[PDB]
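Presented below, as structure tokens, is a lone chain in the form deposited in one PDB entry.
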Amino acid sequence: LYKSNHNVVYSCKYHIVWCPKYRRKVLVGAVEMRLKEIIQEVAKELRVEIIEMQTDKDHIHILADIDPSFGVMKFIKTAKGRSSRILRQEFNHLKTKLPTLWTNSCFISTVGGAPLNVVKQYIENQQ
């Protein structure tokens, strides 16, 4: 199952994890549900397919298929950036002793249908 843009046929799926500033346990309750809505809205607007997404109290997991030419960091900057603006506009406690909602950092890991040990079998390495 592969998508394509004008020039690239691709399957670029990323496991994305980022945490709030100071790793606060704020991704619960109304903030959690509203965070998921904003990300879903960003993905739709940016042509990103959210395969799975779930918060875990002080961090969020996202499994997203992103156009490799568009860039994974552009989706991440947009997701974290807009969600920070809106959630801090809608939830005052997200500005209390919080200079920002997110950190400058995140975790990214590529994911495919086949694991890495299987895909290396596709290729006879000539190094």
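Rigid core (definition): largest C-alpha set, two forms, superposition within 1.5 Å. One rule holds for the numbers: they count along the sequence shown, beginning at 1.
Just so it is clear, the following notes concern the form deposited in another entry, a form of the same protein that is not shown.
Relative to the superposed core, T110 undergoes a C-alpha shift smaller than 2 Å between the shown form and the other one. Remark: with the core as the superposition reference, the CA shift of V119 between the shown form and the other one reaches 2 Å or more.
The Cα-Cα distance between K120 and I16 is lengthened by 3 Å or more in the other form relative to the form shown here. Relative to the shown form, the Cα atoms of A114 and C12 move together by 3 Å or more in the other form.
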